[PDB]
Amino acid sequence: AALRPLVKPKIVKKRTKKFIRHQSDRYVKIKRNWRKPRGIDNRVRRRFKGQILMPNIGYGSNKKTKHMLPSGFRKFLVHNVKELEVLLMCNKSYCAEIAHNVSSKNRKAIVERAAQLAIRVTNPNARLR
Amino acid sequence: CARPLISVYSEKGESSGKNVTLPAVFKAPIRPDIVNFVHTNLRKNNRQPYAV
Amino acid sequence: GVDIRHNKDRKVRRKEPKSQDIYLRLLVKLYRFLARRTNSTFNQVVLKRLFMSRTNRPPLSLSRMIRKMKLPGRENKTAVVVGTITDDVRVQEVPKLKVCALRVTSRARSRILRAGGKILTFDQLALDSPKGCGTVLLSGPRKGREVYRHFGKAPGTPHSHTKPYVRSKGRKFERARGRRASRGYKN
Amino acid sequence: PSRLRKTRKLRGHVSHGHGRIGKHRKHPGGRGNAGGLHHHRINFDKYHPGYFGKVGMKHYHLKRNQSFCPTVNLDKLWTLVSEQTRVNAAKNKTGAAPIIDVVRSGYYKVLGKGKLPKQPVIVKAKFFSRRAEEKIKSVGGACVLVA
Amino acid sequence: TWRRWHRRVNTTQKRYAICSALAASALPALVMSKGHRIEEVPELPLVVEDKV
Amino acid sequence: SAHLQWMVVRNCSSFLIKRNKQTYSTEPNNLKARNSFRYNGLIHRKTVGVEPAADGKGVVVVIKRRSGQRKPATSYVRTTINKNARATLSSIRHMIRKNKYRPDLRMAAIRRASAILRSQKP
Amino acid sequence: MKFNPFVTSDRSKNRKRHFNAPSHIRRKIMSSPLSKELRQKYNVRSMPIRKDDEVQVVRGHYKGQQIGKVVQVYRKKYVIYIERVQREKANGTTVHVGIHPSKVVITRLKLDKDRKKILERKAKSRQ
Amino acid sequence: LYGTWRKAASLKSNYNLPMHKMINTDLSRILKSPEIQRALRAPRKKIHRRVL
RNA sequence: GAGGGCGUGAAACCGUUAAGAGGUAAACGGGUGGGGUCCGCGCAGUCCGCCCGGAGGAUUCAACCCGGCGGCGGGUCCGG
RNA sequence: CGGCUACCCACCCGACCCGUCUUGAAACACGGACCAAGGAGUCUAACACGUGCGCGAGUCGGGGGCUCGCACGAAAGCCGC
Ligand SMILES: [Mg+2]
Ligand SMILES: [Mg+2]
Ligand SMILES: [Mg+2]
Ligand SMILES: [Mg+2]
Ligand SMILES: [Mg+2]
Ligand SMILES: [Mg+2]
Ligand SMILES: [Mg+2]
Ligand SMILES: [Mg+2]
Ligand SMILES: [Mg+2]
Ligand SMILES: [Mg+2]
Ligand SMILES: [Mg+2]
Ligand SMILES: [Mg+2]
Ligand SMILES: [Mg+2]
Ligand SMILES: [Mg+2]
Ligand SMILES: [Mg+2]
Ligand SMILES: [Mg+2]
Ligand SMILES: [Mg+2]
Ligand SMILES: [Mg+2]
Ligand SMILES: [Mg+2]
């Protein structure tokens with residue numbers, strides 16, 4: 001009930017697991033980021049059933065529903081008033097997102113200018129007094 | 001490729017009557033990738049080596 | 001599976017020109033528009049030669065560009081060259097012919113303007129001939145390159161005439177075994 | 001540029017572009033031109049014929065200084081002097097001919113080619129060929145030897 | 001210490017890059033896209049008097 | 001030379017925020033945020049832009065003079081319109097339609113003026 | 001911009017010479033500005049501070065209208081100590097607060113014949 | 001110091017202005033000129049999508 | 001929450017508290033279910049932008065013209 | 001009320017521990033107790049091929065010289081009898 005953007009369909013991602021790396025559970029020296037195994041005996045590379053799944057081209061989301069927030073916009077980050085006012089033309093599909101290093105004194109001015117220009121901000125009530 | 005006339009400005013900012021024809025260097029072609037190539041090589045020329 | 005054949009996805013082709021020349025990209029845009037909108041196979045071949053590289057566009061020479069117009073039927077036609085037309089030290093007389101090429105050298109432009117011809121560029125050639133009527137498209141001596149004279153099935157096995165690599169062409173450098181019958185075998 | 005290097009792309013692959021089976025260690029075939037006759041004969045032969053043996057006489061203390069004779073052709077014979085010179089010298093005046101000296105240009109021997117027009121000239125050189133001398137006689141010029 | 005630091009450029013390409021840079025300095029859109037404030041500035045390349 | 005200016009400005013400029021998302025010009029004389037060729041206020045010989053007024057009431061319109069190039073102190077002529085949104089929308093419609101001046105980007109100027117008149121009133 | 005090639009712009013060399021300068025250099029380092037009426041009366045920008053100079057502090061925890069006489073000048077610590085400026089410890093013992101002499105406005109100098117010669121050289125060089 | 005395309009540079013020895021690849025380079029003027037639009041096929045703007 | 005090897009203070013490992021579980025050694029992939037922390041909102045009550053027919057109010061231009069500067073366009077290529 | 005998720009648990013099915021020598025590895029083949037930091041195709045010379053740019057029967061100042069002393073100037077500009 002804030003800004004109510006345009007016609008955005010049922011957004012699907014075709015799987016929502018952000019695939020884990022093999023043997024990341026067994027060793028805590030291994031970060032959970034994916035890394036393609038190139039072993040000569042590895043069951044993950046051999047694609048046995050019951051093992052983990054490798055991320056390939058088939059998991060690509062639809063181009064209409066690509067980079068889509070669940071609210072219905074696409075995010076764009078903003079540092080100041082000029083980068084907020086560049087969103088004056090496409091405010092009904094592209095929302096604002098204030099950077100983390102922006103202080104509260106300028107953050108309240110940025111969110112006030114976004115409320116004037118009717119631009120959606122993802123974090124409206126954060127880092128306030 | 002015509003050569004126009006650019007007025008000469010005084011110390012106050014008013015256009016003087018002295019008009020000089022624009023030279024052909026400003027009508028010469030513009031190759032920013034060749035500028036980037038020669039600029040890269042002169043930057044490589046413009047340095048002390050570094051520690052060994 | 002469906003395709004029992006091999007998978008050759010892209011044939012050979014170069015779609016976009018690899019050069020970052022802005023003027024060459026604008027000429028690629030213009031002749032791409034003419035090639036897809038004029039039904040002119042001349043514009044097709046000129047657009048392909050603009051896609052073609054720097055090396056495979058050899059420099060045309062002034063004597064060859066005279067002699068390909070000296071043939072009967074090429075009186076008022078314009079010699080279109082995708083590539084450079086250079087000076088020739090051999091020539092003595094230059095006719096009143098028209099030139100449409102990229103990057104004609106300074107002495108060549110000087111002698112053509114003294115002889116009374118008219119040099120153009122590709123945008124002026126497109127303004128004068130969209131379909132390319134009244135043009136003769138020329139190309140240069142590729143096989144006379146120094147690189148192509150090392151190329152063959154072998155350097156010397158049926159004597160092969162294909163120029164083995166060596167530092168100094170002369171005595172004591174690759175002239176003994178396999179080059180004469182008195183010292184071992186002979187090719 | 002290390003960012004355009006194949007090594008930056010091949011990070012992650014185990015054997016790094018040189019195979020697991022063959023195991024390229026240090027120098028498997030030798031060093032340099034090792035085995036020119038024994039076991040690399042199909043690469044020294046069949047790609048460099050003539051590499052082994054003596055060829056002829058041995059000139060002790062040779063210089064590339066006594067055999068200095070840069071050759072000029074009959075095509076290059078005209079542009080050693082300017083075109084204004086030959087035009088204003090052969091613009092229908094008389095039977096006079098300009099002298100084209102190749103020694104001042106830095107060339108010693110005149111060789112024979114084609115493309116020698118009707119207008120005769122006088123060529124001074126230290127050496128000639130019989131074909132170039134016949135071409136000069138055919139176009140009507142004069143041959144002058146210098147030293 | 002014997003890395004190939006300094007890179008020679010052809011002088012024709014050096015003069016080509018100088019001519020291209022001086023020609024691109026004349027267009028207002030290029031210099032405004034580089035970011036110089038040319039709002040209230042008078043006519044392109046500015047020529048001042050010999051008293052300056 | 002406008003196509004040369006576009007082929008130079010379309011990269012390596014002090015604009016064109018290519019930061020993890022779509023490209024924005026931000027282009028201090030512009031009508032749409034997309035860094036495109038048909039929507040560009042520095043390169044073309046004829047350029048249109050609308051901006052908020054400095055007094056806080058009304059919309060200013062900056063249009064290129066086209067009578068003098070390479071002279072940016074007089075190259076942009078400005079006007080200040082303060083009307084009841086329909087008279088000024090019809091005014092910018094007549095100013096773009098009834099002249100030869102930029103038959104393209106009609107809807108760009110109209111949508112930006114309408115959006116800024118919505119954003120200016122409360 | 002630095003033009004003489006016999007002086008450093010190096011941060012390490014400048015900090016080395018600054019934190020290892022001898023005492024006659026540290027006297028020039030620990031220089032203090034003057035009040036506006038005293039610089040109008042003497043035609044000089046700043047003077048090195050000594051034991052018997054009266055001091056108004058402009059910046060810090062103690063600021064303004066606190067004209068007092070200094071007692072100690074640790075040139076090892078780059079710190080002058082002022083008699084008026086006090087701070088109590090835990091056990092009720094007072095101690096002087098460390099004040100850097102560049103944040104120090106001198107209101108009264110010490111009269112000496114050597115300082116008259118120094119002030120005359122300052123005025124003659126300022127011209 | 002550089003010269004026009006008619007004369008050489010008088011201060012430098014053997015420098016001239018470079019070859020200009022596209023003389024009248026207004027691509028919009030060329031593509032909207034009547035000589036080019038006289039020789040065009042037809043504006044084919046139909047889409048002809050997939051038929052179920 | 002900077003207390004004399006004292007800026008920031010992670011992992012391996014240990015102690016306590018909270019939640020959950022335990023015969024097939026622990027751990028994993030696909031699919032759901034249950035619980036908990038947290039997030040957005042008010043949960044039988046949440047949609048906007050335009051046009052037109054109705055009800056009160058205050059305004060001033062617009063429709064046509066006079067007055068005015070600035071910009072677009074083309075003809076005599078008029079004066080240069 | 002809704003919520004996929006780097007939270008926990010249960011259930012059905014599948015699932016031997018990674019890396020490499022090997023024709024063949026889960027192997028009763030070898031290395032690995034765990035964790036943090038460092039850690040391996042670089043540089044020079046030469047050649048060949050491909051590509052990009054400049055000039056083009058020519059091309060190249062890398063060797064020196066010229067400018068007023070300049071932080072960037074150990075740069076850059078120029079030589080041409
Ligand atoms: Mg295997
Ligand atoms: Mg299939
Ligand atoms: Mg395949
Ligand atoms: Mg591989
Ligand atoms: Mg091998
Ligand atoms: Mg140092
Ligand atoms: Mg600590
Ligand atoms: Mg701390
Ligand atoms: Mg600190
Ligand atoms: Mg901890
Ligand atoms: Mg418990
Ligand atoms: Mg082995
Ligand atoms: Mg075995
Ligand atoms: Mg194995
Ligand atoms: Mg064993
Ligand atoms: Mg084992
Ligand atoms: Mg072990
Ligand atoms: Mg590490
Ligand atoms: Mg090459």
# chains A, B, ... in the order shown; residues from 1 in each chain; ligands from 1
$ residues_near_ligand --ligand "ligand 19" --cutoff "10 Å" --atoms "only C-alpha atoms (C1' of nucleotides) and all ligand atoms" --output "PDB file with N, CA and C atoms (P, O5', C5', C4', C3', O3' and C1' of nucleotides), in the first residue's frame"
ATOM      1  N   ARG C  54      43.048  -6.264 -40.190  1.00  0.00           N
ATOM      2  CA  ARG C  54      44.053  -5.369 -40.755  1.00  0.00           C
ATOM      3  C   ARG C  54      45.014  -6.122 -41.664  1.00  0.00           C
ATOM      4  N   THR C  55      45.350  -7.357 -41.301  1.00  0.00           N
ATOM      5  CA  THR C  55      46.351  -8.112 -42.041  1.00  0.00           C
ATOM      6  C   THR C  55      45.787  -8.662 -43.346  1.00  0.00           C
ATOM      7  N   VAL C 147      55.440 -13.755 -44.932  1.00  0.00           N
ATOM      8  CA  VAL C 147      54.962 -14.793 -44.026  1.00  0.00           C
ATOM      9  C   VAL C 147      54.461 -16.004 -44.809  1.00  0.00           C
TER      10      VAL C 147
ATOM     11  P     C J  49      56.099 -15.751 -39.077  1.00  0.00           P
ATOM     12  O5'   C J  49      54.623 -16.013 -38.548  1.00  0.00           O
ATOM     13  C5'   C J  49      53.973 -17.242 -38.819  1.00  0.00           C
ATOM     14  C4'   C J  49      52.814 -17.478 -37.888  1.00  0.00           C
ATOM     15  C3'   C J  49      51.772 -16.378 -37.821  1.00  0.00           C
ATOM     16  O3'   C J  49      50.880 -16.378 -38.921  1.00  0.00           O
ATOM     17  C1'   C J  49      52.291 -17.105 -35.634  1.00  0.00           C
ATOM     18  P     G J  50      50.270 -14.991 -39.459  1.00  0.00           P
ATOM     19  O5'   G J  50      49.149 -14.623 -38.392  1.00  0.00           O
ATOM     20  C5'   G J  50      48.010 -15.454 -38.217  1.00  0.00           C
ATOM     21  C4'   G J  50      47.221 -15.066 -36.992  1.00  0.00           C
ATOM     22  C3'   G J  50      46.809 -13.609 -36.899  1.00  0.00           C
ATOM     23  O3'   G J  50      45.669 -13.301 -37.675  1.00  0.00           O
ATOM     24  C1'   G J  50      47.690 -14.304 -34.828  1.00  0.00           C
ATOM     25  P     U J  51      45.557 -11.861 -38.370  1.00  0.00           P
ATOM     26  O5'   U J  51      45.146 -10.883 -37.181  1.00  0.00           O
ATOM     27  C5'   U J  51      43.949 -11.086 -36.447  1.00  0.00           C
ATOM     28  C4'   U J  51      43.948 -10.295 -35.163  1.00  0.00           C
ATOM     29  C3'   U J  51      44.096  -8.793 -35.312  1.00  0.00           C
ATOM     30  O3'   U J  51      42.888  -8.152 -35.668  1.00  0.00           O
ATOM     31  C1'   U J  51      45.528  -9.558 -33.595  1.00  0.00           C
ATOM     32  P     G J  52      42.929  -6.880 -36.641  1.00  0.00           P
ATOM     33  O5'   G J  52      43.396  -5.693 -35.692  1.00  0.00           O
ATOM     34  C5'   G J  52      42.573  -5.274 -34.615  1.00  0.00           C
ATOM     35  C4'   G J  52      43.245  -4.220 -33.776  1.00  0.00           C
ATOM     36  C3'   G J  52      43.926  -3.094 -34.532  1.00  0.00           C
ATOM     37  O3'   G J  52      43.027  -2.110 -35.008  1.00  0.00           O
ATOM     38  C1'   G J  52      45.356  -3.868 -32.831  1.00  0.00           C
TER      39        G J  52
END
$ residues_around --residues "residue 43 (chain J)" --least-positions-apart "6" --cutoff "10 Å" --atoms "only C-alpha atoms (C1' of nucleotides)" --output "ChimeraX atom specification"
/E:1-4
$ residues_around --residues "residue 12 (chain H)" --least-positions-apart "6" --cutoff "10 Å" --atoms "only C-alpha atoms (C1' of nucleotides)" --output "VMD selection string"
(chain H and resid 1 to 3) or (chain J and resid 78 to 79)
$ residues_near_ligand --ligand "ligand 4" --cutoff "12 Å" --atoms "only C-alpha atoms (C1' of nucleotides) and all ligand atoms" --output "list in words"
residues 36, 37, 38, 39 and 40 of chain A; 9, 10, 11, 12, 13, 14, 15, 16, 17, 18, 19 and 20 of chain D
$ write_last_selection --atoms "C-alpha atoms" --output "compact mmCIF listing (two decimals), in the first residue's frame"
# COMPACT_ATOMS: atom_id res chain seq x y z
CA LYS A 36 33.82 -26.52 -8.91
CA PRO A 37 35.63 -29.75 -7.98
CA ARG A 38 38.06 -31.08 -10.57
CA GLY A 39 38.90 -34.39 -8.96
CA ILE A 40 39.32 -37.62 -10.89
CA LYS D 9 42.38 -18.16 -16.03
CA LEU D 10 43.89 -21.58 -15.24
CA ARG D 11 43.66 -21.17 -11.44
CA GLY D 12 41.61 -24.06 -10.10
CA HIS D 13 42.71 -26.68 -12.60
CA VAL D 14 45.03 -29.15 -10.90
CA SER D 15 47.71 -29.92 -13.48
CA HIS D 16 47.63 -26.32 -14.84
CA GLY D 17 47.56 -26.81 -18.60
CA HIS D 18 50.23 -29.53 -18.78
CA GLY D 19 48.40 -32.79 -18.08
CA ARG D 20 48.24 -35.30 -15.26
$ atom_distance --atom1 "CA of residue 39 (chain H)" --atom2 "CA of residue 50 (chain C)"
21.3 Å
$ interface_residues --of "chain I" --to "chain A" --cutoff "10 Å" --atoms "only C-alpha atoms (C1' of nucleotides)" --output "list in words"
residues 11, 12, 26, 27, 28, 29, 30, 41, 46, 47 and 48 of chain I
$ write_last_selection --atoms "N, CA and C atoms (P, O5', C5', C4', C3', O3' and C1' of nucleotides)" --output "PDB file, in the first residue's frame"
ATOM      1  P     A I  11      34.839 -17.569  16.377  1.00  0.00           P
ATOM      2  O5'   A I  11      35.600 -18.708  15.570  1.00  0.00           O
ATOM      3  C5'   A I  11      35.277 -18.982  14.215  1.00  0.00           C
ATOM      4  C4'   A I  11      36.371 -19.774  13.551  1.00  0.00           C
ATOM      5  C3'   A I  11      36.880 -20.957  14.348  1.00  0.00           C
ATOM      6  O3'   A I  11      36.048 -22.091  14.197  1.00  0.00           O
ATOM      7  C1'   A I  11      38.713 -19.716  13.513  1.00  0.00           C
ATOM      8  P     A I  12      35.542 -22.897  15.485  1.00  0.00           P
ATOM      9  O5'   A I  12      36.658 -24.012  15.676  1.00  0.00           O
ATOM     10  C5'   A I  12      37.217 -24.671  14.551  1.00  0.00           C
ATOM     11  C4'   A I  12      38.565 -25.248  14.878  1.00  0.00           C
ATOM     12  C3'   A I  12      38.662 -25.925  16.230  1.00  0.00           C
ATOM     13  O3'   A I  12      38.164 -27.250  16.211  1.00  0.00           O
ATOM     14  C1'   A I  12      40.518 -24.488  15.921  1.00  0.00           C
ATOM     15  P     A I  26      24.635 -41.970  14.087  1.00  0.00           P
ATOM     16  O5'   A I  26      25.431 -40.617  13.817  1.00  0.00           O
ATOM     17  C5'   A I  26      25.706 -39.710  14.873  1.00  0.00           C
ATOM     18  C4'   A I  26      26.779 -38.722  14.490  1.00  0.00           C
ATOM     19  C3'   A I  26      26.443 -37.784  13.340  1.00  0.00           C
ATOM     20  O3'   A I  26      25.661 -36.671  13.736  1.00  0.00           O
ATOM     21  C1'   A I  26      28.561 -38.732  12.965  1.00  0.00           C
ATOM     22  P     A I  27      24.411 -36.202  12.840  1.00  0.00           P
ATOM     23  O5'   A I  27      25.078 -35.635  11.510  1.00  0.00           O
ATOM     24  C5'   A I  27      25.886 -34.469  11.541  1.00  0.00           C
ATOM     25  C4'   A I  27      26.731 -34.345  10.298  1.00  0.00           C
ATOM     26  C3'   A I  27      25.977 -34.187   8.988  1.00  0.00           C
ATOM     27  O3'   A I  27      25.538 -32.861   8.753  1.00  0.00           O
ATOM     28  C1'   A I  27      27.619 -35.848   8.731  1.00  0.00           C
ATOM     29  P     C I  28      24.100 -32.596   8.086  1.00  0.00           P
ATOM     30  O5'   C I  28      24.294 -33.023   6.565  1.00  0.00           O
ATOM     31  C5'   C I  28      25.207 -32.323   5.735  1.00  0.00           C
ATOM     32  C4'   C I  28      25.307 -32.935   4.361  1.00  0.00           C
ATOM     33  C3'   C I  28      24.068 -32.831   3.493  1.00  0.00           C
ATOM     34  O3'   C I  28      23.932 -31.557   2.891  1.00  0.00           O
ATOM     35  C1'   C I  28      24.958 -35.023   3.353  1.00  0.00           C
ATOM     36  P     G I  29      22.475 -30.977   2.546  1.00  0.00           P
ATOM     37  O5'   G I  29      22.081 -31.712   1.192  1.00  0.00           O
ATOM     38  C5'   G I  29      22.807 -31.474  -0.004  1.00  0.00           C
ATOM     39  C4'   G I  29      22.214 -32.235  -1.161  1.00  0.00           C
ATOM     40  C3'   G I  29      20.706 -32.113  -1.314  1.00  0.00           C
ATOM     41  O3'   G I  29      20.329 -30.950  -2.024  1.00  0.00           O
ATOM     42  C1'   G I  29      21.319 -34.387  -1.406  1.00  0.00           C
ATOM     43  P     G I  30      18.981 -30.174  -1.637  1.00  0.00           P
ATOM     44  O5'   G I  30      17.826 -31.108  -2.208  1.00  0.00           O
ATOM     45  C5'   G I  30      17.676 -31.308  -3.603  1.00  0.00           C
ATOM     46  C4'   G I  30      16.537 -32.245  -3.902  1.00  0.00           C
ATOM     47  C3'   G I  30      15.242 -31.962  -3.161  1.00  0.00           C
ATOM     48  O3'   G I  30      14.483 -30.930  -3.760  1.00  0.00           O
ATOM     49  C1'   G I  30      15.741 -34.260  -3.009  1.00  0.00           C
ATOM     50  P     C I  41       5.682  -2.003   8.284  1.00  0.00           P
ATOM     51  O5'   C I  41       4.133  -2.382   8.312  1.00  0.00           O
ATOM     52  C5'   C I  41       3.244  -1.924   7.301  1.00  0.00           C
ATOM     53  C4'   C I  41       2.069  -2.856   7.140  1.00  0.00           C
ATOM     54  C3'   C I  41       1.062  -2.871   8.280  1.00  0.00           C
ATOM     55  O3'   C I  41       0.124  -1.812   8.210  1.00  0.00           O
ATOM     56  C1'   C I  41       1.633  -5.094   7.700  1.00  0.00           C
ATOM     57  P     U I  46      -9.072  -5.420   4.288  1.00  0.00           P
ATOM     58  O5'   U I  46      -7.727  -4.634   3.951  1.00  0.00           O
ATOM     59  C5'   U I  46      -7.379  -4.314   2.606  1.00  0.00           C
ATOM     60  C4'   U I  46      -7.947  -2.982   2.180  1.00  0.00           C
ATOM     61  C3'   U I  46      -7.135  -2.233   1.127  1.00  0.00           C
ATOM     62  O3'   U I  46      -8.021  -1.469   0.308  1.00  0.00           O
ATOM     63  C1'   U I  46      -7.270  -0.929   3.086  1.00  0.00           C
ATOM     64  P     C I  47      -8.201  -1.831  -1.246  1.00  0.00           P
ATOM     65  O5'   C I  47      -8.224  -0.414  -1.977  1.00  0.00           O
ATOM     66  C5'   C I  47      -7.494   0.690  -1.459  1.00  0.00           C
ATOM     67  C4'   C I  47      -6.247   0.951  -2.266  1.00  0.00           C
ATOM     68  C3'   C I  47      -6.329   2.071  -3.292  1.00  0.00           C
ATOM     69  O3'   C I  47      -6.149   3.361  -2.735  1.00  0.00           O
ATOM     70  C1'   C I  47      -5.307   0.154  -4.259  1.00  0.00           C
ATOM     71  P     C I  48      -6.922   4.625  -3.359  1.00  0.00           P
ATOM     72  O5'   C I  48      -6.163   4.914  -4.730  1.00  0.00           O
ATOM     73  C5'   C I  48      -5.040   5.783  -4.773  1.00  0.00           C
ATOM     74  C4'   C I  48      -4.075   5.394  -5.866  1.00  0.00           C
ATOM     75  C3'   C I  48      -4.069   6.275  -7.104  1.00  0.00           C
ATOM     76  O3'   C I  48      -3.348   7.482  -6.933  1.00  0.00           O
ATOM     77  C1'   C I  48      -4.081   3.999  -7.751  1.00  0.00           C
TER      78        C I  48
END
$ interface_residues --of "chain J" --to "chain E" --cutoff "9 Å" --atoms "only C-alpha atoms (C1' of nucleotides)" --output "PyMOL selection string"
chain J and resi 43-44+53-55+60+62
$ write_last_selection --atoms "N, CA, C and O atoms (P, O5', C5', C4', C3', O3' and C1' of nucleotides)" --output "PDB file, in the first residue's frame"
ATOM      1  P     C J  43      55.654 -11.809 -16.450  1.00  0.00           P
ATOM      2  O5'   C J  43      57.187 -11.397 -16.348  1.00  0.00           O
ATOM      3  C5'   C J  43      57.603 -10.325 -15.516  1.00  0.00           C
ATOM      4  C4'   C J  43      59.105 -10.212 -15.496  1.00  0.00           C
ATOM      5  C3'   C J  43      59.775 -10.194 -16.859  1.00  0.00           C
ATOM      6  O3'   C J  43      59.761  -8.924 -17.479  1.00  0.00           O
ATOM      7  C1'   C J  43      60.881 -11.746 -15.469  1.00  0.00           C
ATOM      8  P     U J  44      59.750  -8.822 -19.082  1.00  0.00           P
ATOM      9  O5'   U J  44      61.269  -9.060 -19.496  1.00  0.00           O
ATOM     10  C5'   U J  44      62.300  -8.220 -19.003  1.00  0.00           C
ATOM     11  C4'   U J  44      63.666  -8.796 -19.275  1.00  0.00           C
ATOM     12  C3'   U J  44      63.951  -9.186 -20.712  1.00  0.00           C
ATOM     13  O3'   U J  44      64.222  -8.087 -21.559  1.00  0.00           O
ATOM     14  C1'   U J  44      64.694 -10.906 -19.284  1.00  0.00           C
ATOM     15  P     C J  53      43.369  -1.296 -36.349  1.00  0.00           P
ATOM     16  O5'   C J  53      44.455  -0.229 -35.884  1.00  0.00           O
ATOM     17  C5'   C J  53      44.140   0.747 -34.903  1.00  0.00           C
ATOM     18  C4'   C J  53      45.361   1.533 -34.501  1.00  0.00           C
ATOM     19  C3'   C J  53      46.112   2.209 -35.633  1.00  0.00           C
ATOM     20  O3'   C J  53      45.509   3.414 -36.063  1.00  0.00           O
ATOM     21  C1'   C J  53      47.651   1.117 -34.210  1.00  0.00           C
ATOM     22  P     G J  54      45.688   3.904 -37.581  1.00  0.00           P
ATOM     23  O5'   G J  54      47.162   4.508 -37.619  1.00  0.00           O
ATOM     24  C5'   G J  54      47.503   5.642 -36.836  1.00  0.00           C
ATOM     25  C4'   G J  54      48.980   5.937 -36.894  1.00  0.00           C
ATOM     26  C3'   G J  54      49.585   6.016 -38.283  1.00  0.00           C
ATOM     27  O3'   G J  54      49.365   7.265 -38.907  1.00  0.00           O
ATOM     28  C1'   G J  54      50.958   4.682 -36.906  1.00  0.00           C
ATOM     29  P     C J  55      48.888   7.311 -40.436  1.00  0.00           P
ATOM     30  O5'   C J  55      50.241   7.167 -41.262  1.00  0.00           O
ATOM     31  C5'   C J  55      51.250   8.162 -41.169  1.00  0.00           C
ATOM     32  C4'   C J  55      52.614   7.610 -41.493  1.00  0.00           C
ATOM     33  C3'   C J  55      52.818   7.094 -42.906  1.00  0.00           C
ATOM     34  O3'   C J  55      53.024   8.117 -43.862  1.00  0.00           O
ATOM     35  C1'   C J  55      53.716   5.544 -41.374  1.00  0.00           C
ATOM     36  P     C J  60      58.298   5.965 -38.738  1.00  0.00           P
ATOM     37  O5'   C J  60      59.359   5.429 -37.681  1.00  0.00           O
ATOM     38  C5'   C J  60      59.060   4.315 -36.853  1.00  0.00           C
ATOM     39  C4'   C J  60      60.300   3.765 -36.198  1.00  0.00           C
ATOM     40  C3'   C J  60      61.187   4.780 -35.504  1.00  0.00           C
ATOM     41  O3'   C J  60      60.703   5.169 -34.234  1.00  0.00           O
ATOM     42  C1'   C J  60      62.519   3.316 -36.798  1.00  0.00           C
ATOM     43  P     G J  62      63.676   7.473 -28.604  1.00  0.00           P
ATOM     44  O5'   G J  62      64.375   6.305 -27.781  1.00  0.00           O
ATOM     45  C5'   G J  62      65.790   6.211 -27.716  1.00  0.00           C
ATOM     46  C4'   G J  62      66.231   4.797 -27.447  1.00  0.00           C
ATOM     47  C3'   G J  62      67.728   4.534 -27.535  1.00  0.00           C
ATOM     48  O3'   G J  62      68.377   4.880 -26.320  1.00  0.00           O
ATOM     49  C1'   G J  62      66.526   2.864 -28.731  1.00  0.00           C
TER      50        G J  62
END
$ interface_residues --of "chain B" --to "chain C" --cutoff "10 Å" --atoms "only C-alpha atoms" --output "list in words"
residues 29, 30, 31, 32, 33 and 34 of chain B
$ write_last_selection --atoms "C-alpha atoms" --output "PDB file, in the first residue's frame"
ATOM      1  CA  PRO B  29      40.510  13.512 -36.141  1.00  0.00           C
ATOM      2  CA  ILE B  30      39.869  12.209 -32.640  1.00  0.00           C
ATOM      3  CA  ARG B  31      41.145   8.740 -31.690  1.00  0.00           C
ATOM      4  CA  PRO B  32      40.714   8.242 -27.927  1.00  0.00           C
ATOM      5  CA  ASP B  33      41.861   4.615 -28.066  1.00  0.00           C
ATOM      6  CA  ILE B  34      45.136   5.661 -29.707  1.00  0.00           C
TER       7      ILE B  34
END
